[PDB]
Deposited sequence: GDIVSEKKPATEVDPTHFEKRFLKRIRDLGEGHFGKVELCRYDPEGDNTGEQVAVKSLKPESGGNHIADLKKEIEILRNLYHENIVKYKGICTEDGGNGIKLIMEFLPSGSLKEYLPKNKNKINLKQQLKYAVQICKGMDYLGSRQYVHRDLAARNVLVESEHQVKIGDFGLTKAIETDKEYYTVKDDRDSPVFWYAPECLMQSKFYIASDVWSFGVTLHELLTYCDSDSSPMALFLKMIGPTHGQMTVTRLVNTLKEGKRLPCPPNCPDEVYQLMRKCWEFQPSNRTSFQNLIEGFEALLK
């Protein structure tokens, strides 16, 4: 008889599957030693009217990216960047694009627009996103101004989850093995000394991110710049031990210029040497809110 073929079933569009052929690169948003985030237009009509998206890929680590995708896909919060979908065969993560970029890009350019009150409002939003993440039993491990995105003058979102780990139920912390490219000038002593990551360790990192926000991410006042002044900039592989010693001695980043002492004191509560002595994200929120009203 006739050639037998397969009955074509009723195909449905998945709005979270982005086809490689319509995903068109515009420029880079960031990169590291294993990957990049690129600005693309998803342009199925081919007339440059498609939606702009942020696309996270790997350089020619897959498993970690798949885990990152699965974490972000299931986070829903107004201060966490929106998952849009994936592009696959290898995999790419597709996210909403925030044209203002990170606080590192935005703050140096917008000092006149963004006063202390707005900085404190950003600080609360960062804290709300982080408290949501902790409520889902995650530790972020990479909270820094470069990973905080600006949705508008009035709203920020946590914009990267590449190091985020689940803390096991009934456990207080996650222990990391892969630690080469750690952001050590953002890390709490327990992270540095033992590679143990608590929710309290994210509070510590928040305090450093707050210091960045308050300095408008000026490079000459960055956590790295200031610590290297405190400890010495030419110690190579002794850097972390000298960082740890400085922190053991009770030395901390200084009060930013024009930062009220009452804001600096909330910051210091993030930097208690022992995790259990640190403030919580909820208490930070309360504290900033008291300063705002």
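- Coordinate coverage of the deposited sequence breaks at 61 to 65, 95 to 98, these segments carrying no C-alpha atoms.
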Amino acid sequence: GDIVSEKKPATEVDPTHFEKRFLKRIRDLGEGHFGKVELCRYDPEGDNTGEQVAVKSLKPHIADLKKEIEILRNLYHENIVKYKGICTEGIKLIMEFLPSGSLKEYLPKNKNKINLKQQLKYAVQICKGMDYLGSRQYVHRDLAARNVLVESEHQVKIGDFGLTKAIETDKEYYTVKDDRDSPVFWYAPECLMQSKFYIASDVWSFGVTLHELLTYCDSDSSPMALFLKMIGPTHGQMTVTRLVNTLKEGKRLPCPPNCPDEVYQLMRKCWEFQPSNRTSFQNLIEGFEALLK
From here on, numbers count along this sequence of modelled residues.
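For clarity, a rigid core is taken as the largest C-alpha set superposing within 1.5 Å between two forms.
- When the other structures are laid on the shown form by the core, the C-alphas of 168 to 176 and 185 to 193 differ in how far they drift in 9 other deposited structures of this protein; the larger average drift belongs to 168 to 176.
- Taking the rigid core as the alignment reference, the C-alpha atoms of 31 to 39 lie farther on average from the displayed form in 9 other deposited structures of this protein than those of the other stretch among 31 to 39 and 248 to 256.
- The records show that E89 is omitted from the coordinate set of at least a third of the other eligible entries of this protein.
- Look at the C-alpha B-factors of 188 to 196 and of 123 to 131. On average they run higher in 188 to 196.
- Stretches compared: 109 to 117, 93 to 101. Higher mean C-alpha B-factor in the entry: 109 to 117.
- Note on the listed residues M267, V37, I231, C40: the highest Cα temperature factor in the record is that of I231.
- Across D202, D181, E153, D160, the entry's maximum B-factor at the CA atom is seen for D181.
- In this PDB entry, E78 carries a Cα temperature factor that places it within the middle third of its chain's modelled residues.
- Annotation for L210: CA B-factor lies in the lowest third of the chain's modelled residues.
- Looking at the C-alpha B-factors along this chain, the one for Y216 belongs to the lowest third.
- When the modelled residues of the chain are ordered by their C-alpha B factor, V176 lands in the highest third.
- In this PDB entry, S222 carries a Cα temperature factor that places it within the middle third of its chain's modelled residues.
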